[PDB]
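See below for the structure under consideration.
To find a chain, count down the sequence lines: A is the first, B the second, and so on, and within it residues start at 1.
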Amino acid sequence: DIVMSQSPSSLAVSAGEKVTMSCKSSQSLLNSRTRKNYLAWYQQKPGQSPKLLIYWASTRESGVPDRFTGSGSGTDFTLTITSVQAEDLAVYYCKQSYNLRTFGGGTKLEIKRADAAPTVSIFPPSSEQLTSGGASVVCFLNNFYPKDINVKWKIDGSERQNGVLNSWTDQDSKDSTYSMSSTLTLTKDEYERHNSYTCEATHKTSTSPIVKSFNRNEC
Amino acid sequence: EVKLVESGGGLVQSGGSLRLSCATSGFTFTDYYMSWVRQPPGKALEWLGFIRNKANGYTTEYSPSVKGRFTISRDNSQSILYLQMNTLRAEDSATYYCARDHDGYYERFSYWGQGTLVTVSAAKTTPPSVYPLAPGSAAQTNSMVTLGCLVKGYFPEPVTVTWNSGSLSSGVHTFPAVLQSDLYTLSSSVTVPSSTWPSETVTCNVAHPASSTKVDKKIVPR
Ligand SMILES: O=C(O)[C@@]1(O)C[C@@H](O)[C@@H](O)[C@@H]([C@H](O)CO)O1
Ligand SMILES: [Mg+2]
Ligand SMILES: [Zn+2]
């Protein structure tokens, strides 16, 4: 019966600024016998396992930077990050060990940075894919911020929306940008009926879409 | 160095059983409680259970969420931790981590394994098709050039992609897989000076453990 809750669910902060996040337990985590709070904080960076940051509410594990500070007692705990760095991008979990163990639901920390336009690249289907009857066209939209972006596919000048799949990366741990892949899949028969293939990216960094294209006759 | 390494994840059908293992070294195993924690894709950590240290008779405790269905054990001669799962269901699909736990003195999980992915599904294992992504008759000469690999139509997760056997590390983006009519597809891009490609070779190394697929795909121009 120890319910752990964290707040906020997510936020974004610019590098150099301070981050404050909260952790509540449904009952006191202060152990009377040892007089310490059985509450730890873990950091889970994108694609990684969780890593111990703080335990006993306020003890900073060896090798953890001074800018991380745990505080609080009883039912309410706080993790503060001063002078946030790009690498601090992560989800932060608190965890009680007063009675077995329970994790909070996590706080996702995003990094705010200056707007950046995507670098766009388009790729035609490979001969090894076409041999088997399918045709995927891929567009990379790399290193942009903020995350919101629009991609449109045009074939012989006409927009096509079906058979398109998009995937965003997690924010980058060093430059705080996002990237996104857009993949248009057609049958070989349909791919061979048209010549021009275009992927157009519209991002708040310009009123002009960034257009990349290729023509099959030129392959 | 302390090391924890999970093994045993993969695809299992609903109702099945599966046993994970966790190999440890670099610390006195018997001195430590050990925990298992799981994490469904994009969801929060969930504590599952622990097995206590020698001083406490190696007794077990579990979260109400898996008690009576999951069992934890340990090999104290080889320092290996186990998790036996039974009557598996979709909700059990997750990355499973082992973690070093209590020693009688500190309240913390000092170390975590890299995690092993369990997928509960009736779908079949399908190896990926791996296709090279090379520029067409495009600009190409922009001081830099971006290449890629398309890893299409596989199941279950995960796949690993490296470039030049890990030698190309910076300037690599691997995009999270997307699930479509029961198959995953992902792509990976790599960015290098065009003076270096195709002057030097650039190859994507793709592995799909579920089908023991290993692929090296050299990116060739034209
Ligand atoms: O249940 C236990 O084995 C344990 O010792 C685990 C500790 O983490 C801690 O929860 C402790 C309680 O504080 C009781 O002493 O119980
Ligand atoms: Mg990047
Ligand atoms: Zn008991």
Inset, instruction - Sorted by first residue and then second, give each ring-ring contact (aromatic ring centres under 6.0 Å, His included) pair with at least one member in residues 1-35 of chain A; sequence neighbours left out. - result: none
Legend entry - Nearest-0.5 Å distance that lies between atom OG in B:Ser17 and atom CZ in B:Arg19: 9.5 Å
Inset, instruction - Identify whether the distance between the nearest side-chain nitrogen and carboxylate oxygen of A:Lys147 and A:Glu110 falls below 4.0 Å. - result: no
Inset, instruction - Determine yes or no for a side-chain-to-main-chain donor-acceptor pair under 3.5 angstrom, with B:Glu6 supplying the side chain and B:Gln114 the backbone. - result: yes
Inset, instruction - Would you give the length of the straight line joining atom SG of A:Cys94 to atom CG of A:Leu53, rounded to the nearest 0.5 angstrom? - result: 12.0 Å
Legend entry - Minimal non-hydrogen separation, B:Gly104 against B:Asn53, with atom names: N-ND2, 4.5 Å
Legend entry - Side-chain donor-acceptor contact under 3.5 Å, B:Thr201 with B:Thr203: no
Legend entry - Min side-chain heavy-atom separation B:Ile72-B:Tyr62 under 4.5 Å: yes
Legend entry - A:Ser97 versus B:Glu107, side-chain donor and acceptor atoms under 3.5 Å: yes
Legend entry - Residues B:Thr162 and B:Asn205: side-chain donor-acceptor under 3.5 angstrom: yes
Inset, instruction - Hey, could you give me the OG1/CZ distance between B:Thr24 and B:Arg74, rounded to the nearest 0.5 Å? - result: 8.0 Å
Legend entry - Residues A:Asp172 and A:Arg113 bridged, charged N to O under 4.0 Å: no
Legend entry - Closest contact, heavy atoms only, A:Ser181 versus B:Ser187: OG-OG, 3.0 Å
Inset, instruction - Give the ring-plane orientation class for B:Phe70 versus B:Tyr96, where under 30° counts as parallel, over 60° as perpendicular and anything between as tilted. - result: tilted
Inset, instruction - To the nearest 0.5 angstrom, please state how far the OG1 atom of B:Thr59 sits from the CD1 atom of B:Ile51. - result: 7.5 Å
Legend entry - B:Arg108/A:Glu61 ion pair, N-O < 4.0 Å: yes
Legend entry - Flag, side chain of B:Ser93 to backbone of B:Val120, donor-acceptor distance under 3.5 Å: yes
Legend entry - Straight-line distance of A:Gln171 CD to A:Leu89 CG, nearest 0.5 Å: 5.5 Å
Legend entry - Note, A:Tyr92 side chain near A:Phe68 side chain (heavy atom, < 4.5 Å): yes
Inset, instruction - Say whether A:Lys18 and A:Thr20, considering side chains only, have a donor N or O and an acceptor N or O under 3.5 Å apart. - result: yes
Legend entry - Validation row: B:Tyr184, B:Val159 side chains within 4.5 angstrom (heavy atoms): no
Legend entry - Heavy-atom neighbours of A:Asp76 CG exceed 12 at 6.0 Å: yes
Inset, instruction - Using side-chain contact (heavy atoms from CB on, under 4.5 Å) as the criterion, list what pairs up with B:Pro209, not counting sequence neighbours. - result: none
Legend entry - Any donor-acceptor pair under 3.5 Å from A:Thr75 side chain to A:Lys24 backbone: no
Legend entry - Under 3.5 Å: donor-acceptor pair, side chain of B:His208, backbone of B:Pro156: yes
Inset, instruction - Kindly compute the distance separating CZ (A:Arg160) from OH (A:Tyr197), expressed to the nearest 0.5 Å. - result: 8.5 Å
Inset, instruction - Using the test salt bridge (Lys or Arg N to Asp or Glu O under 4.0 Å), find all partners of B:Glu46 that sit at least two apart in sequence or belong to another chain. - result: B:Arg38
Legend entry - Listed once per pair and sorted, the salt bridge (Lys or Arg N to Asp or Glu O under 4.0 Å) pairs that draw on residues 84-109 of chain A, sequence neighbours left out: A:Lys45-A:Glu87, A:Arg67-A:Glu87, A:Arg67-A:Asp88, A:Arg101-B:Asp101
Legend entry - B:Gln39 side chain to B:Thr95 side chain, donor-acceptor N/O pair below 3.5 angstrom: no
Legend entry - Plane angle bin for B:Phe109 and A:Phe103 - parallel if under 30°, tilted between 30 and 60°, otherwise perpendicular: perpendicular
Legend entry - Pi-cation contact, B:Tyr32 with B:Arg100 (under 6.0 Å, within 45°): yes
Inset, instruction - Answer with yes or no whether the side chains of A:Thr187 and A:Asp189 bring together a donor and an acceptor at under 3.5 Å. - result: no
Legend entry - Qualifying ring-ring contact (aromatic ring centres under 6.0 Å, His included) pairs, either residue in residues 23-52 of chain A, two or more places apart: A:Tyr42-B:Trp112
Legend entry - Partner residues of A:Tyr93 under the ring pair (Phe, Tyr, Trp, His ring centres under 6.0 Å) criterion, sequence neighbours left out: none
Inset, instruction - Report yes or no: do B:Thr191 and B:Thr146 form a side-chain donor-acceptor pair below 3.5 Å? - result: yes
